[PDB]
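Novice:
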Amino acid sequence: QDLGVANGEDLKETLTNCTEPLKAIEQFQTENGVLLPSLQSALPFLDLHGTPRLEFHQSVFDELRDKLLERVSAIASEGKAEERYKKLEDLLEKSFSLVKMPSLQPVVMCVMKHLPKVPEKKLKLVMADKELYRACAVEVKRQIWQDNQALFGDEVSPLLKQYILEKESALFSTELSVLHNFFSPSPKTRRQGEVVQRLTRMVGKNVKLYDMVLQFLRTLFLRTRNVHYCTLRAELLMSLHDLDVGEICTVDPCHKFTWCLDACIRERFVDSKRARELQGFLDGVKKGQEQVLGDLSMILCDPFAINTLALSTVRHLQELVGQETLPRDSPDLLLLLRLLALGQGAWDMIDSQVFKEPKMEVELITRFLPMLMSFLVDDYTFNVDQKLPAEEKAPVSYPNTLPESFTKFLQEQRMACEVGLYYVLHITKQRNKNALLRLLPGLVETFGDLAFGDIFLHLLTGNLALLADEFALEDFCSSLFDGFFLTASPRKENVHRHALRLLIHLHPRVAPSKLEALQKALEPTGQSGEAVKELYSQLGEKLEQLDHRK
Amino acid sequence: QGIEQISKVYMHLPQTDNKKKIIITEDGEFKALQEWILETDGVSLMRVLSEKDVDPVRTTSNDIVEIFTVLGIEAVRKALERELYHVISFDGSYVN
Amino acid sequence: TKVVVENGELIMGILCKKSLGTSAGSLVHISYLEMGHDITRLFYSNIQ
Amino acid sequence: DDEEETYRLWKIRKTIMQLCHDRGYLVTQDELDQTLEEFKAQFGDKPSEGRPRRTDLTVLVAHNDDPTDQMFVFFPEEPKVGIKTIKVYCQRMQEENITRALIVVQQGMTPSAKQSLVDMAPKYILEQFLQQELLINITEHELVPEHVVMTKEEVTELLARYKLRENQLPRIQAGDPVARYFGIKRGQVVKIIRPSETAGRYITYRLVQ
Amino acid sequence: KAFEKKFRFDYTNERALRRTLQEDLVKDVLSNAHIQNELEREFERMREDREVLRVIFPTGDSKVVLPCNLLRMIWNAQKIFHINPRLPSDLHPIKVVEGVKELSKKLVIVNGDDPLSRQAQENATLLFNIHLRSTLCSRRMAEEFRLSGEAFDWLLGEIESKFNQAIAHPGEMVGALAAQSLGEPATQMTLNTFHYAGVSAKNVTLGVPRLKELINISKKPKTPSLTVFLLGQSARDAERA
Amino acid sequence: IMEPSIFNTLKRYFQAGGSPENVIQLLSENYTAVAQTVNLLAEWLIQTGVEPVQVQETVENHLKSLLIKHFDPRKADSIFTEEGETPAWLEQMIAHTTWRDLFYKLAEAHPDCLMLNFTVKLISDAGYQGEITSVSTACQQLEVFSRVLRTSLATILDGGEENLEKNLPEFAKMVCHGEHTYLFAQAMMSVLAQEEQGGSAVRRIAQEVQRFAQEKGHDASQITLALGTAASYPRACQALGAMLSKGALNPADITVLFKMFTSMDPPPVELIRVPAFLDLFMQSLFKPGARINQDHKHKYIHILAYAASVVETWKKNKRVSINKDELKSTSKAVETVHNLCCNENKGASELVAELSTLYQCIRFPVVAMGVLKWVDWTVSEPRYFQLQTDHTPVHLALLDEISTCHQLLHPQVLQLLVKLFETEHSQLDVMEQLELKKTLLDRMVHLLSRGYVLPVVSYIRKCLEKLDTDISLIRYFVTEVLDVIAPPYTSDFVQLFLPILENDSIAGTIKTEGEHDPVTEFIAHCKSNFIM
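These protein sequence lines map, in sequence, to chains A, B, C, D, E and F.
The authors' numbering numbers the first residue of the first sequence as 6 and each following residue consecutively.
The authors' numbering numbers the first residue of the second sequence as 1299 and each following residue consecutively.
The authors' numbering numbers the first residue of the third sequence as 626 and each following residue consecutively.
The authors' numbering numbers the first residue of the fourth sequence as 2 and each following residue consecutively.
The authors' numbering numbers the first residue of the fifth sequence as 914 and each following residue consecutively.
The authors' numbering numbers the first residue of the sixth sequence as 57 and each following residue consecutively.
#1: Give the DSSP-derived three-state secondary structure of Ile185(D) in the structure shown.
#2: Hey, out of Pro196(D), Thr152(D), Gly25(D), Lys81(D), whose CA is closest to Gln108(D)'s CA?
#3: Mind reading off the beta-carbon distance from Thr1323(B) to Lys1329(B)? Whole number of angstroms is fine, and I expect it under 8 Å.
#4: Confirm, please, whether the CB-CB distance from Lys229(F) to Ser192(F) is below 8 Å.
#5: Which of the residues in the segment 316-341 of chain A, read from start to end, lie with their CB under 9 Å from any CB of chain D?
#6: Listing by chain order, which chain B residues have their CB less than 7 Å from the CB of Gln133(D)?
#7: Relative to the alpha-carbon of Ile1365(B), which residue among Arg1153(E), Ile1130(E), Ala1151(E), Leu1143(E) has its alpha-carbon at the smallest distance?
#8: Check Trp1334(B) in the structure and name its three-state DSSP category.
#9: With a threshold of 8 Å between beta-carbons, can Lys992(E) be considered close to chain C, or not?
#10: What does the alpha-carbon distance come out to for the pair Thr626(C) and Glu1056(E)?
#11: Could you work out which residues of chain B lie near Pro146(D), taking near to mean beta carbons separated by less than 7 Å?
#12: What in chain D is Cβ-close to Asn1024(E), meaning under 9 Å?
#13: Candidates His152(F), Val90(F), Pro108(F): which alpha carbon is nearest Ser46(A)'s?
#14: Could you tell me whether the segment 37-56 of chain A touches the segment 108-126 of chain F, using the rule of 3 or more Cβ pairs below 8 Å?
#15: The alpha helix (DSSP H) with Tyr168(A) in it runs from where to where?
#16: Using the C-alpha atoms, what's the distance from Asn37(A) back to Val112(A)?
#17: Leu20(D) to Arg195(D), Cα distance in whole Å?
#18: Please name the residue, chosen from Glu240(A), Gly209(A), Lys210(A), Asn211(A), that lies closest to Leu222(A) on a Cα-to-Cα basis.
#19: If you reduce the DSSP assignment to three classes, tell me which class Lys1319(B) lands in.
#20: Measure from the alpha carbon of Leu445(A) to the alpha carbon of each residue in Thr24(A), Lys538(A), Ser484(A), then state which is nearest.
#21: Helix, strand or coil for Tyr545(F)? Go by DSSP, reduced to three states.
#22: Taking the alpha carbon of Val540(F) as the reference point, which residue from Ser505(F), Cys519(F), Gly564(F), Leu529(F) has its own alpha carbon closest?
#23: On the DSSP letters alone, give me the boundaries of the alpha helix (DSSP H) that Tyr385(A) sits inside.
#24: Measure from the alpha carbon of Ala175(D) to the alpha carbon of each residue in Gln169(D), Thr140(D), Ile99(D), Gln189(D), then state which is nearest.
#25: Take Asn168(D) as the anchor and find which of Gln92(D), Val209(D), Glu39(D) has the nearest alpha-carbon.
#26: Determine, for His62(A), whether the minimum Cβ-Cβ distance to residues of chain F falls below 8 Å.
#27: Excluding the 5 residues flanking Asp168(F) on each side, which residues of the same chain have their C-beta closer than 6 Å to its C-beta?
#28: Counting along the chain, where does the beta strand (DSSP E) carrying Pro196(D) start and finish?
#29: Please classify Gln129(D): is it buried, with 16 or more other beta-carbons within 10 angstroms of its beta-carbon, or exposed?
#30: Could you tell me the distance, in whole angstroms, from the CA atom of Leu204(A) to the CA atom of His260(A)?
#31: Between the segment 405-425 of chain F and the segment 456-468 of chain F, are three or more C-beta pairs nearer than 8 Å?
#32: What in chain A is Cβ-close to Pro68(D), meaning under 7 Å?
#33: What whole-angstrom Cβ distance do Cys1050(E) and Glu955(E) have, given they're in contact under 8 Å?
#34: Expressed to the nearest angstrom, what Euclidean distance is found between the alpha-carbon atoms of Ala42(D) and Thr7(D)?
#35: Determine, for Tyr385(A), whether the minimum Cβ-Cβ distance to residues of chain D falls below 8 Å.
#36: Might you give, ordered along the chain, the residues of its own chain that have their beta carbon closer than 6 Å to the beta carbon of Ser197(D), omitting 5 neighbours on each side?
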């Protein structure tokens, strides 16, 4: 019973009252009906019909509403911008009083959707109503969010938490596979995730909302130290790139760098040309725009970028061994190390607000890398010696001693630790058990316990699946589990989960005595988490099935 | 221009549907598209097949040893079958 | 000019070499396949 | 020319991708059929002393199952390949632990290197292909029927069902271009499905000799 | 659409079923939906056979050699059993479908039960089974043939018998038979008096000078050729050609 | 908004009683707002949209009919109309009788016999007797059908030859819907054609109705012969009845007719003047094939000559002076033309040679009509235009001769020309097709020269506007027409020739004329003629 509106309230009254005034009721319909003289002559036909006069009028109303929606869309699409926007604004002014009418609410919502700027009073009225706010299209919600950072944060935070949970769950997948691991999906496939698509739709072409999302990502990266926020930054930027959103891609200083790095991640290798392009992007940061360096380091802190760069570094070291050249003389290797240093120092750079490139330690290049090359060199010579004719076979034992300086580098230098961990992954992928056993004792104590990180442990268990036949040897299992996994499992639940996953996958090949010992050693305590207990129960079920197969 | 081991090449539009491009329309009915075909006087496959705007699938040959060098033995079996049927049924006769 | 042999009786048509000759699907070929081979010998002899 | 060179390299890349997929390897779907413009964007659009030069596009592919064995393909810079050039590739392979590999020669190989290729067959297998062989995927030709390599268990099943020996099957050359395409060794029965105008479908078998 | 109109056996129509079948069979078809499902499945099989044929025969021709002349056998059954096809028929279409399936089971080129022999049997009688489904379907037997139950049983027996008679006899000297079958038309062929109709046509060496080149593998043919088919727009443009 | 149902809520309100839970709920069934008024406010909202034009009310009524078509209550239509009341139908037929009852009685038409009766009576109450008849089957009740026939006949007779093509299907779908109505209409045609003071148009309309009857599927020739005086002489009329029931020529039938003709007691000549009979004669005589066996051929020619030659003087239903002194020349001409159509000597080595004799023959109207039909059946053969002399204008020169020597065949000549012009000729060169169109337009210009202009220009405008043809063709037509005409300009020609010239390619008409001025002269004369 609003503006020029008859009974909605006295309609409820009309449904409650029920005595007698027929002519009053008829006059009310005549005054508040379809006020067209042409319909008065057509109504007796409807009376001559027999079906009650409700379905016909509802059908006509629905058809008129759908035609009005089509015309609102057509007006939004056709004509000069000023004229169409003025027509839509007039229609909204005439129709906004009916926004709470469910049958006409879609028309108002569509008109608001197609307006570049909805009046602020109507936006506040919509915000005050939870149902109206929920029913609004994302275009109106953007105009609401751009001036209400708290509401936008409330809308975005569940998506960020879901993204983090999805990445962590992907790290703890039941299937151990070298072919299908955390880094297997292509970047285009990764950007098709629900969280990334929803965030891209929410941001749209609004630069302010994109900056708010970037600020949220920076704050959460600082507060939680979770690198998947960096991953999400890269994926959101490239998802806007895939939709040709030039309003954002042209103003983001990291767009070209992230695009080139995305190509490198897709190829899983950084060639000299791409390395030089990334270097040109880095050296192009002008004085006074140094915060762009913090943003670029956040992009490089992405685990996919770190994985690609470290694998490229290991491959380049192997190539340098092949070419009889030193690491210091390879500009591409130094450039890869510089990119890795920026990626690793992203957190410190953002937290301290000191936007300067981290100084690469001299001893890394001049000592640590050529020692890794010596490990490769020992591998090559052992492999060549094993292929010699039996008449020339000296009793060549594989070098099992780990230099103390190598362990010190792994413990004290973050970059050396990262490169050594990726070298361990590389040699494990090559099924080199001797080198793996040589390097394993140095992984017990690493810089910041990087050897116990979920990404490295995921990749390591996946690659260890390639050495399944070696788990029949008690010495190999003792080394691996007792010397590496069980040293940290009582203090780290994630290491316990990774060891349980590896055992679940490889139990048919583990020596039965060592299998029983590991089952006893990995028994969950009262303080163990739910996931550990679930994995242990799965292991028990698998063991029962294996016993039944005897 | 062109390749070696070839003399003047003659091009024409086919009349028999063996050379006419038989396509299947969206309503399932066959249709005989009459498109230009070439017909050389020398022989060199794996080099004409490498040329641009040349259909690398339906480009057959007349010599059998050349196909045996290019397309193998079973393709040579099919080509010998087709050429033998051609030389037999040219004059309207039929052999099972 | 439309040869129809039906139920073992010549309904209509004039039998040229396309009806009794060595062409496939002719009257004699069907007489060989549907009937026996002695019967086709009798057919040839009777025709001649 | 430079556009002709990038077109030729892209066609060789496409044929090698299709060859690896038909051989039973891990070939990425977009890599299996990419646009020429995509190749030019990924590699540089100047083979004439430029970004899409040789040795940049050495394709490394693993097997669909048992992902250990790889045949990371080779593209020599020089037209006429020799022993002192293939020994560098042998060095790269012995650096790895994988025994199969394909080299795509531009001109003919020196016959001494042809003998050298056989001179390491039990150790590690090397196949070679000319440019003209890889400018057309011959399995797409209408004269070439469907060749499928058979496993040893299927060979035993075939010989036990038909009660015949490997000496009695119709055979196929080891230097057969289709056999070279699938890279089958001696004694490896290949089933061949071809349409027949008298029975519909006919499956023959070709033991390799 | 012609294929669907001619082979589907639309069961929803009342009057067509009344004209083609007897009323008990009409109500049997219209009541049960399992029979309708089986008829839909046989139309599915015929669509699959259509796709298989169009793969097998890219050229639009269907003059193919097969042992049993099924149309002539249907006509013979009509003439023997005195059909009078004006009256509604009295053979159940489910009987047609099941009899066709049993007959396809009974026609054996390759014995055995292991899947290799099963595939050999399927491939040996693929084309003939496609033709058997096409000719002895429910729709045609109900509309344009109208055989009776005993006529259909006799037809199945005749088809099985005449297929079992067409099997190649073990011990037949096939090699000499084929050699003579190819060398007997060789005498009727010209030597080289081809009209040489100069419409390009390359003066294809034909006749015995070509049969010889095919018989002994000549590395120096009198006239080696190609047939270079153009790929795209160049095939429909004389200038690009 | 349950207010909109005051009436039925009424008798359930004062006399509810018992348990009025359903009464209260149906009193409470309009749970929405006043959406009846909101539906009218949808027009006000459309006022801010594109267009809630009167077409908005039309669309509302269309949705009304759309949801009405579900019930459309035949069920109680007879009861509700036998209630002897209801200004509902009367008011609807007063105001909205455009297509509402039209679709209503086009939908079912078996029930609602009294709604149909009221609508039909209101249609009869409308002035132009039968335009809203909700059915073209308005030929069932005689008092309606006779008056509708009268008014349609008045419309056609006041129309003329131009309206002969537009109104005749709209008139023949009624009188051929029922053959008893066809008999009634043909009896009226006969009674009106008894008079010689303007009954020729009535006879023409009757013949067109009979032609439409033959098209639709009537065996209406027996009715036509029953209406005529030919039945007074029984056996000839019976022979004609059988022959026209079969629609083909039998030599035995024509020998039976010929034995009765060319005697001292001929039948009245109106038995042989029926046009379908002569059309069958043309079909059986001047088809390029269809050979006639040389023995009763002269009988055919004599029958045609007697049909198209002799005169008579009906002085009180009796003849006293007929003559046969020109049917020898007619027989000679038709015989020569049939011989020319029978010789078919390849590429007219003889058709070109005897063209002077053909020109002599086509001086006669029946000869001209026969040659027109033969050229129609020869040129319209697919893949005919492969002989080319000047893109084959020989038969088109015969078209020009036919258009020159006569005037009543011009509708058929234009029909043939536009049929060839609309026909796309496959396997011909595109330039060759264009020059063939140019030759056809030259023939159309020749038709325009001999007086028959308005239909030609009307078709040119129709093919420039509707399913528009090449603009260059219309430009060429204008160029060729304006190179032969100039000074005086009857107003109808100017009125029809102005819009095609002034709109849509002014500039292309004048390129290099010079010595005689272009369309500028026609523009000046058009300014001088009309009132600006």
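Yeah, the Cβ is synthetic: ideal placement off N, Cα and C, and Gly gets one too.
Specialist: With the given structure in hand:
#1: coil
#2: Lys81(D)
#3: 5 Å
#4: yes
#5: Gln323, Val326, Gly327
#6: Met1344, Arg1345, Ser1348
#7: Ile1130(E)
#8: coil
#9: yes
#10: 29 Å
#11: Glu1372
#12: Here the premise fails: no neighbours, minimum Cβ distance about 10 Å.
#13: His152(F)
#14: yes
#15: 154-176
#16: 22 Å
#17: 20 Å
#18: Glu240(A)
#19: strand
#20: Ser484(A)
#21: coil
#22: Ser505(F)
#23: 374-391
#24: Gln189(D)
#25: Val209(D)
#26: yes
#27: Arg130, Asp133
#28: 191-197
#29: buried
#30: 17 Å
#31: yes
#32: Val183, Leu184
#33: 7 Å
#34: 11 Å
#35: yes
#36: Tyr203
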